[PDB]
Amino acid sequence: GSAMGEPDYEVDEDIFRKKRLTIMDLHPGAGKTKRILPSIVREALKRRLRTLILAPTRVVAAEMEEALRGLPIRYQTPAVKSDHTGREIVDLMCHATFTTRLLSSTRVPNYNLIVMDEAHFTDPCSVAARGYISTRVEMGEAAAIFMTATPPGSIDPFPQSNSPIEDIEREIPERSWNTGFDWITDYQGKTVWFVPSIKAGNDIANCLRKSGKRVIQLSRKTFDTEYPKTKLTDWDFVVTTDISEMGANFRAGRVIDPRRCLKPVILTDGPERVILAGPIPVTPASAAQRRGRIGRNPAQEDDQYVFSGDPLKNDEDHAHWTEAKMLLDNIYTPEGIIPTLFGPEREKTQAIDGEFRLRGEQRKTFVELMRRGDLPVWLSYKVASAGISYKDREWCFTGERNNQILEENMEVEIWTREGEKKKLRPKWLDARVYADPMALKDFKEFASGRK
């Protein structure tokens, strides 16, 4: 037993059994990361199990570190700076870090136990990592624990919370506003506002600042500096991307959730390409997770969740399902077996097994294009599978006329490393490298030979 806050002294023997995969689907705020996880880690340490803990984002990693503080854990994330003795048997890293490791030259430790927090995360690297882990368990090589308040098949956006939540539907602004949304700024407590993009976040945060509001912006780009400010400091608004969707303990009073996102989609209407579709409704799991950032405190009884619109359950056209298979078809167990996807996530797209398997140098290029090139999975796969090497940028210029990239209505031109001026006209189109202007600048650098 335990009291609130402290880890249970009793841990089920059942969960460490090779061949066992445990899904702990407790409601948000139940204590999965900060009470249950420490109990498992302590017990795995006593059993001398080679253990891996996986967080979706640096936010969840930072929450884990607070709960696991004092235990011999090797943190493999820039969210946590720590003395690594080298003799730790517990590793902690992000989901995508682990998939990256699985795809790279270096060998992953043969973990006896794997704990994945937020095991519903639909990031393609996360789905791929789940495929590998469930294959290790089936092979009797590991035991695994998948922790998630919203496991695959979840459709309720309003699950159980520690404290009552007032759910309110109102219109929520997507951009700056000058009038009409007084309810946003008249509110007394602390607000977490989810935004579909960093750009949209900048706009909104700007707008609240000129209303005398103390605003912390949170994203991949501002995490290191801004996250501790949400902990140790007092603030009015956190304007945040999905970096904060899971795990975060903001101690806030209100969530604002427009329930919108931009989604990458692979088109098959003609030549295959990726577009950024939307804004479209988030999935019920995301709406549930975002709402779950409040009503976490039993002593604080009038938390608010202000939302707009219904969520959308169907995400079969999202690129991540295909991209997860592209990654997984190129990961191998030490026995030589290619993993299959985690059970519940099979047949999300109708993809022939092993149809994304790349040969030799092609697999190395694929990885290079993602890790060094910063290119999406799909584009990286298209380039790699065509037999192009990482440094060969000719594909960026040899597409059909319809592939010409435009910026401010002008045909984008590239000056190459050799001083050639070429029109940017890639053989494969992925809107993720050209839609946002900063993404396009990066892709111009890539096409130039400067990455």
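Throughout, rigid core stands for the largest set of C-alpha atoms superposing within 1.5 Å between the two forms. One rule holds for the numbers: they count along the sequence shown, beginning at 1.
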- Overlaying the structures in 4 other deposited structures of this protein on the rigid core, point out which of 231 to 239 and 122 to 130 has the bigger RMS C-alpha shift. 231 to 239
- Note on the structure: With B-factors read from the PDB entry, the higher C-alpha mean of 174 to 182 and 110 to 118 is in 174 to 182
- Look over 286 to 294 and 85 to 93 in the entry and identify the one with the greater average Cα temperature factor. 85 to 93
- From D442, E13, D430, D436, can you pick the one with the highest C-alpha B factor in the entry? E13
- Which of these, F158, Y132, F356, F307, has its C-alpha atom at the highest B-factor, as the entry lists it? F356
- The third of the chain into which the C-alpha temperature factor of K423 falls is the lowest
- Item | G70 CA temperature factor, ranked by third within the chain | highest
- What third of the chain, by the recorded C-alpha B-factor, contains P124? lowest
- Query: Against its chain's modelled residues, does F237's Cα B factor rank lowest, middle or highest third?
  - Reply: middle
- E323: which third of its chain by C-alpha temperature factor? lowest
